[PDB]
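Encoded as structure tokens, the structure appears first; notes follow it.
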Amino acid sequence: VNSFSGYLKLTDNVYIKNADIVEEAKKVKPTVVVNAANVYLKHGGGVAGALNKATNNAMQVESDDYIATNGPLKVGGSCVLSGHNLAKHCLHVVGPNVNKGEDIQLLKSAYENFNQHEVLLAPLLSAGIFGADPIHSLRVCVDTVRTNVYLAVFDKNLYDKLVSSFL
Ligand SMILES: Nc1ncnc(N2C[C@H]3CC[C@@H]2CC3)c1Cl
């Protein structure tokens, strides 16, 4: 049993709810919240800008030190950093950004990072300002992630479309 509430069950392991990952993280304090990161861990908008704002910029400060030591992530890659006031840990995952020309096949590699964590509060990857088709992102998620994932998708006309089109 866990603390996640109000989710629709899509499969054995994937759940979906119309909630802000920020407001959802603040309520649940999950072990892992996933950030929709870029390779530079520059949290400017969407899930990343919103998560970072909710940490009062502490996520960005920590991230800048990580990059100064380790250099940029790979597209499809991830790192584990603090969850600050939102979660125990934040898994920063880089999905491909279509608005930069990245290979959408890298989306499966991105979601494979989730399998290193038994439970994750997570966003839809490459959604939003990353430019991918969210229906495709949900299909890759279901077909790739084997651990228990709670997607918080803060957007009605899209939540309802994802549910009503889910095979
Ligand atoms: N705070 C959030 N929580 C959950 N999902 C978010 N997404 C999901 C789609 C794509 C990125 C943005 C817009 C709707 C955000 Cl910004």
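If you're wondering about the labels, chains in the structure tokens are A, B, ... by order shown, residues count from 1 in each chain, ligands from 1 in order shown.
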Name the residues in contact with range 51-63 of chain A at a cut-off of 7 Å, using only C-alpha atoms, excluding same-chain residues fewer than 5 positions from it; report them as a tab-separated table (two decimals) with N, CA, C and O atoms, in the first residue's frame.
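Done, and the output landed in part-v3.tsv:
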chain	number	residue	atom	x	y	z
A	22	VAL	N	4.01	19.37	-8.88
A	22	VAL	CA	4.53	20.15	-7.73
A	22	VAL	C	3.62	19.92	-6.52
A	22	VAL	O	4.10	19.57	-5.45
A	41	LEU	N	20.89	20.57	-16.92
A	41	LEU	CA	20.11	20.78	-15.69
A	41	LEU	C	19.82	22.28	-15.49
A	41	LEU	O	19.87	22.77	-14.34
A	43	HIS	N	16.85	24.52	-15.18
A	43	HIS	CA	15.38	24.36	-14.94
A	43	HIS	C	14.57	25.62	-15.30
A	43	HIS	O	14.10	26.27	-14.39
A	84	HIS	N	14.91	17.84	-2.17
A	84	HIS	CA	14.67	19.09	-1.42
A	84	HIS	C	13.39	18.93	-0.57
A	84	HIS	O	13.26	17.90	0.12
A	85	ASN	N	12.52	19.89	-0.65
A	85	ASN	CA	11.26	19.94	0.11
A	85	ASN	C	10.16	19.16	-0.60
A	85	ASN	O	9.02	19.12	-0.07
Can you check which parts of chain A lie within 9 Å of ligand 1? Per residue, the shortest pair of atoms and distance in Å to one decimal, counting only C-alpha atoms and all ligand atoms, sorted by chain and number, as CSV.
residue,atom,partner,partner_atom_place_in_ligand_line,distance
A:18,CA,ligand 1,4 (C),8.0
A:19,CA,ligand 1,4 (C),6.5
A:20,CA,ligand 1,3 (N),3.8
A:21,CA,ligand 1,3 (N),4.1
A:22,CA,ligand 1,1 (N),5.6
A:23,CA,ligand 1,1 (N),8.0
A:24,CA,ligand 1,3 (N),8.4
A:36,CA,ligand 1,11 (C),8.2
A:45,CA,ligand 1,16 (Cl),7.4
A:46,CA,ligand 1,16 (Cl),3.9
A:47,CA,ligand 1,16 (Cl),4.1
A:48,CA,ligand 1,16 (Cl),7.6
A:49,CA,ligand 1,16 (Cl),8.0
A:50,CA,ligand 1,1 (N),5.8
A:51,CA,ligand 1,1 (N),7.2
A:122,CA,ligand 1,4 (C),8.3
A:123,CA,ligand 1,5 (N),5.4
A:124,CA,ligand 1,8 (C),6.0
A:125,CA,ligand 1,10 (C),7.7
A:126,CA,ligand 1,10 (C),7.3
A:127,CA,ligand 1,10 (C),4.0
A:128,CA,ligand 1,10 (C),3.2
A:129,CA,ligand 1,11 (C),6.3
A:130,CA,ligand 1,11 (C),7.9
A:131,CA,ligand 1,10 (C),8.8
A:134,CA,ligand 1,10 (C),7.9
A:151,CA,ligand 1,4 (C),8.0
A:152,CA,ligand 1,4 (C),5.2
A:153,CA,ligand 1,5 (N),4.3
A:154,CA,ligand 1,4 (C),4.1
A:155,CA,ligand 1,14 (C),5.2
A:156,CA,ligand 1,14 (C),8.9
A:158,CA,ligand 1,14 (C),7.6
A:159,CA,ligand 1,9 (C),8.9
Selected residues written out with N, CA and C atoms, as an mmCIF file, in the first residue's frame:
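Listing of selection-v4.cif after writing:
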data_model
loop_
_atom_site.group_PDB
_atom_site.id
_atom_site.type_symbol
_atom_site.label_atom_id
_atom_site.label_comp_id
_atom_site.auth_asym_id
_atom_site.auth_seq_id
_atom_site.Cartn_x
_atom_site.Cartn_y
_atom_site.Cartn_z
ATOM 1 N N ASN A 18 -4.716 13.673 -12.858
ATOM 2 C CA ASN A 18 -4.648 15.090 -13.300
ATOM 3 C C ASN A 18 -4.279 15.933 -12.081
ATOM 4 N N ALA A 19 -2.976 16.047 -11.815
ATOM 5 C CA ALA A 19 -2.437 16.817 -10.678
ATOM 6 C C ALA A 19 -1.058 17.382 -11.054
ATOM 7 N N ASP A 20 -0.728 18.525 -10.476
ATOM 8 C CA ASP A 20 0.587 19.156 -10.706
ATOM 9 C C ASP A 20 1.577 18.233 -10.024
ATOM 10 N N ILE A 21 2.651 17.895 -10.733
ATOM 11 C CA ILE A 21 3.672 17.109 -10.011
ATOM 12 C C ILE A 21 4.114 17.989 -8.837
ATOM 13 N N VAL A 22 4.008 19.372 -8.884
ATOM 14 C CA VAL A 22 4.528 20.149 -7.726
ATOM 15 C C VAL A 22 3.617 19.921 -6.516
ATOM 16 N N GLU A 23 2.299 20.070 -6.725
ATOM 17 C CA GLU A 23 1.288 19.984 -5.641
ATOM 18 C C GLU A 23 1.219 18.523 -5.209
ATOM 19 N N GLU A 24 1.350 17.607 -6.148
ATOM 20 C CA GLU A 24 1.360 16.193 -5.795
ATOM 21 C C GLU A 24 2.588 15.802 -4.960
ATOM 22 N N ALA A 36 11.653 16.460 -15.557
ATOM 23 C CA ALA A 36 11.836 16.579 -17.022
ATOM 24 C C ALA A 36 13.004 17.499 -17.310
ATOM 25 N N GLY A 45 11.529 26.089 -17.402
ATOM 26 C CA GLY A 45 10.063 26.111 -17.513
ATOM 27 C C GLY A 45 9.471 24.729 -17.381
ATOM 28 N N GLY A 46 8.164 24.641 -17.579
ATOM 29 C CA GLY A 46 7.483 23.336 -17.459
ATOM 30 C C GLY A 46 7.728 22.645 -16.110
ATOM 31 N N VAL A 47 7.825 21.309 -16.128
ATOM 32 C CA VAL A 47 8.033 20.486 -14.890
ATOM 33 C C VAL A 47 9.296 20.941 -14.141
ATOM 34 N N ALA A 48 10.392 21.125 -14.873
ATOM 35 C CA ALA A 48 11.675 21.555 -14.267
ATOM 36 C C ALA A 48 11.577 22.985 -13.710
ATOM 37 N N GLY A 49 11.139 23.986 -14.519
ATOM 38 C CA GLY A 49 11.049 25.340 -13.948
ATOM 39 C C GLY A 49 10.107 25.355 -12.783
ATOM 40 N N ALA A 50 9.007 24.612 -12.834
ATOM 41 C CA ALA A 50 8.019 24.587 -11.747
ATOM 42 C C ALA A 50 8.584 23.870 -10.525
ATOM 43 N N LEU A 51 9.209 22.716 -10.714
ATOM 44 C CA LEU A 51 9.824 22.008 -9.557
ATOM 45 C C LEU A 51 10.890 22.901 -8.922
ATOM 46 N N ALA A 122 6.102 10.652 -11.151
ATOM 47 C CA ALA A 122 6.800 11.058 -12.391
ATOM 48 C C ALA A 122 5.905 11.908 -13.299
ATOM 49 N N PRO A 123 6.482 12.754 -14.178
ATOM 50 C CA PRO A 123 5.708 13.493 -15.181
ATOM 51 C C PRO A 123 5.700 12.722 -16.509
ATOM 52 N N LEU A 124 4.901 13.177 -17.477
ATOM 53 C CA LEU A 124 4.953 12.569 -18.833
ATOM 54 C C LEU A 124 6.234 13.119 -19.465
ATOM 55 N N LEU A 125 7.108 12.249 -19.955
ATOM 56 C CA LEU A 125 8.375 12.719 -20.552
ATOM 57 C C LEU A 125 8.189 13.163 -21.991
ATOM 58 N N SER A 126 8.902 14.235 -22.305
ATOM 59 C CA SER A 126 8.921 14.897 -23.633
ATOM 60 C C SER A 126 7.546 15.492 -23.940
ATOM 61 N N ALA A 127 6.861 15.815 -22.873
ATOM 62 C CA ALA A 127 5.569 16.409 -23.007
ATOM 63 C C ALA A 127 5.915 17.849 -22.841
ATOM 64 N N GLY A 128 4.896 18.410 -23.300
ATOM 65 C CA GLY A 128 4.962 19.852 -23.030
ATOM 66 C C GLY A 128 5.952 20.494 -23.951
ATOM 67 N N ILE A 129 6.786 21.368 -23.406
ATOM 68 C CA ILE A 129 7.728 22.167 -24.223
ATOM 69 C C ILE A 129 8.829 21.315 -24.843
ATOM 70 N N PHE A 130 8.938 20.015 -24.512
ATOM 71 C CA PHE A 130 9.886 19.144 -25.222
ATOM 72 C C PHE A 130 9.315 18.676 -26.562
ATOM 73 N N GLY A 131 8.047 18.907 -26.840
ATOM 74 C CA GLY A 131 7.587 18.828 -28.244
ATOM 75 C C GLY A 131 7.149 17.460 -28.704
ATOM 76 N N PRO A 134 2.331 13.459 -26.562
ATOM 77 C CA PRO A 134 2.124 12.835 -25.255
ATOM 78 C C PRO A 134 1.476 11.442 -25.304
ATOM 79 N N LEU A 151 1.896 8.778 -12.780
ATOM 80 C CA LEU A 151 2.113 9.976 -13.577
ATOM 81 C C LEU A 151 1.176 11.062 -13.038
ATOM 82 N N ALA A 152 1.752 12.228 -12.766
ATOM 83 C CA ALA A 152 0.989 13.453 -12.441
ATOM 84 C C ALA A 152 0.996 14.290 -13.731
ATOM 85 N N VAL A 153 -0.138 14.349 -14.428
ATOM 86 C CA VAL A 153 -0.217 15.120 -15.709
ATOM 87 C C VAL A 153 -1.148 16.329 -15.508
ATOM 88 N N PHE A 154 -0.589 17.453 -15.060
ATOM 89 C CA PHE A 154 -1.331 18.711 -14.761
ATOM 90 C C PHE A 154 -1.966 19.363 -16.012
ATOM 91 N N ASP A 155 -2.928 18.700 -16.701
ATOM 92 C CA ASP A 155 -3.573 19.294 -17.922
ATOM 93 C C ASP A 155 -4.822 18.553 -18.451
ATOM 94 N N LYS A 156 -6.014 19.062 -18.108
ATOM 95 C CA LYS A 156 -7.336 18.441 -18.422
ATOM 96 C C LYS A 156 -7.485 17.931 -19.869
ATOM 97 N N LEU A 158 -5.654 17.262 -21.862
ATOM 98 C CA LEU A 158 -4.707 16.228 -22.332
ATOM 99 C C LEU A 158 -4.930 14.955 -21.508
ATOM 100 N N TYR A 159 -5.112 15.099 -20.217
ATOM 101 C CA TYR A 159 -5.416 13.941 -19.326
ATOM 102 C C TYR A 159 -6.581 13.130 -19.904
#
Members of range 50-83 of chain A assigned helix (DSSP H, G or I) by DSSP, as a PyMOL selection string: chain A and resi 50-54+58-70
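Considering the residues A:82, A:106, A:64, A:135 and counting only C-alpha atoms, residue 160 in chain A has its shortest atom-to-atom contact with A:135.
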Skipping near chain neighbours, those fewer than 5 positions away, what residues fall within 8 Å of residue 83 in chain A using only C-alpha atoms, listed as a PyMOL selection string? chain A and resi 32-33+59+88-90
Can I get the selected residues back with N, CA, C and O atoms, as a PDB file, in the first residue's frame?
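Below is the file that was written, part-v1.pdb:
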ATOM      1  N   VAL A  32      10.803   9.218  -4.712  1.00  0.00           N
ATOM      2  CA  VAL A  32      11.365   9.746  -5.981  1.00  0.00           C
ATOM      3  C   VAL A  32      10.351  10.597  -6.726  1.00  0.00           C
ATOM      4  O   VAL A  32       9.265  10.070  -7.069  1.00  0.00           O
ATOM      5  N   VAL A  33      10.704  11.838  -7.047  1.00  0.00           N
ATOM      6  CA  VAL A  33       9.991  12.627  -8.053  1.00  0.00           C
ATOM      7  C   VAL A  33      10.920  12.712  -9.265  1.00  0.00           C
ATOM      8  O   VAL A  33      12.136  12.971  -9.108  1.00  0.00           O
ATOM      9  N   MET A  59      17.130  23.551  -6.007  1.00  0.00           N
ATOM     10  CA  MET A  59      17.383  22.524  -7.032  1.00  0.00           C
ATOM     11  C   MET A  59      18.411  23.048  -8.039  1.00  0.00           C
ATOM     12  O   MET A  59      19.341  22.315  -8.439  1.00  0.00           O
ATOM     13  N   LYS A  88      12.189  12.658  -1.269  1.00  0.00           N
ATOM     14  CA  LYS A  88      13.521  12.285  -0.792  1.00  0.00           C
ATOM     15  C   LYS A  88      14.572  12.578  -1.865  1.00  0.00           C
ATOM     16  O   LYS A  88      15.584  13.256  -1.617  1.00  0.00           O
ATOM     17  N   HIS A  89      14.322  12.074  -3.061  1.00  0.00           N
ATOM     18  CA  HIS A  89      15.254  12.182  -4.200  1.00  0.00           C
ATOM     19  C   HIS A  89      14.511  12.791  -5.376  1.00  0.00           C
ATOM     20  O   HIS A  89      13.312  12.549  -5.559  1.00  0.00           O
ATOM     21  N   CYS A  90      15.279  13.457  -6.245  1.00  0.00           N
ATOM     22  CA  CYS A  90      14.794  13.822  -7.595  1.00  0.00           C
ATOM     23  C   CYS A  90      15.621  13.078  -8.623  1.00  0.00           C
ATOM     24  O   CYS A  90      16.872  13.192  -8.608  1.00  0.00           O
TER      25      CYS A  90
END
If you run DSSP over the backbone, which residues in range 15-120 of chain A end up strand (DSSP E)? Put them as a PyMOL selection string. chain A and resi 15-17+32-36+78-82+89-93+119-120
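Nearest to residue 147 in chain A of all the residues A:7, A:66, A:114, A:40 is A:114, based on only C-alpha atoms.
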Nearest to residue 4 in chain A, restricted to only C-alpha atoms and choosing among A:109, A:35, A:115, A:148, comes out as A:148
Residue 163 in chain A surroundings by only C-alpha atoms, 10 Å radius, close-in-sequence under 2 positions cut, as a VMD selection string: chain A and resid 8 to 10 16 to 17 135 138 158 to 161 165 to 167
Among the residues A:98, A:132, A:142, A:80, the one that comes closest to residue 111 in chain A [using only C-alpha atoms]: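 Closest candidate: A:142.
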Find the spatial neighbours of residue 74 in chain A, counting only C-alpha atoms, within a cut-off of 9 Å - ignore same-chain residues fewer than 4 positions away - and output them as a ChimeraX atom specification. /A:38-39,78,94
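Minimum atom-to-atom distances from A:81, A:133, A:11, A:117 to residue 104 in chain A were compared using only C-alpha atoms, and the lowest value belongs to A:133.
CA of residue 34 in chain A sits 17.9 Å away from CA of residue 5 in chain A.
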